[PDB]
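The chain below stands alone and is given in structure tokens; this is the form deposited in one PDB entry.
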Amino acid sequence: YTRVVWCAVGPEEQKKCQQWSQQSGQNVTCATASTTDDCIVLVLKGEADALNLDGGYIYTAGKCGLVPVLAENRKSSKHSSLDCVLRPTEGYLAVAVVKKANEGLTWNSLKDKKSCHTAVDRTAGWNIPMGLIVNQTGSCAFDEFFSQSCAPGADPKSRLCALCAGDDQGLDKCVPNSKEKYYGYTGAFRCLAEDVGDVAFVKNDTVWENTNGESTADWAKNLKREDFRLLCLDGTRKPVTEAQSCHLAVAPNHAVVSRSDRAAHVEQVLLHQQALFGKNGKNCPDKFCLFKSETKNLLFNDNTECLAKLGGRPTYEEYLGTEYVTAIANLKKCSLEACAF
């Protein structure tokens, strides 16, 4: 058989990947790159096999010929009798989150406010909110909309990176990897929690997972759900319990992608690796947990119960959904079928 070469984005993911590799008996090994796009390029070159991607990155990867293999499946209600690996995914809720204390901030007064984004090109953090904003403002100048932002992956000298903080030393400001303090779901929510931004573009789960003691992290320790609100598209504000009626979109779950020629083997290896290291995994938590990273969502989201089989052997467009694909396409006209590499 062959080994599977995972691609880790940044040095923290690399550390986790190297643990996984050690525990896997080298069935999985690790390549690393600085950005998700660079990992995609490694995969395209055949120098890595696979990584797990947000839907916006799935679009990039898809255009370049990479295919979805398995999807993250979090806890559900529905389809409650089937195994996680066979339970249909549900998709996560992209939300706009503000402080309750920031009274009178709504969707319609976001202009010239400070924003926190997971990263450029990600679903909840970018594609959905900026796609909506471009459409409603009828302008492609999404780079001049918020007074300041943290939008990892944007030009570090620009207003879209002005709120980003980098790493301990204050290097890597605005890089789109976990070295950036305000990267990703948990980083963007932290940017809001610390009042660096006025609004965070994250998902519903992020808010719950980092409040009311669900996170023991210093910046999250003491956060309370009731101190946050969601911005609905109709201009109202709701408690974070109302995400099902106050979201920006429903997003397709992050999913593993590979070259088509390696998909079957990546799939088999992953199904076995999560049997060992997944949620009820034979050797998790004693040895290693693939879906834990102390809240940092490294390699996979920490709320992943399993990687689930896809159904209909879907193309990247089918997996993302035609509506989301066209929304992305429309947005990218601002910055039209390619491989961008």
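Counting begins at 1, following the sequence as shown.
Here the subject shifts to the form solved in complex with a partner chain, a form of this protein not shown in this document.
Its partner chain in the bound PDB entry comes within 4.5 Å of a heavy atom belonging to residue 37. Its partner chain is not shown here, and in the bound PDB entry it never comes within 4.5 Å of any heavy atom of residue 304. Shown alone here, residue 60 lies within 4.5 Å of its partner chain in the bound PDB entry, counting heavy atoms only. In the bound PDB entry, its partner chain lies farther than 4.5 Å from every heavy atom of residue 275. Remark: of stretches 289 to 297, 304 to 312, 276 to 284, 62 to 70, the one touching its partner chain in the bound PDB entry is 62 to 70 (heavy atom within 4.5 Å). Judged against its partner chain in the bound PDB entry with a 4.5 angstroms heavy atom cut-off, the residues 41, 44 and 333 are in contact without exception.
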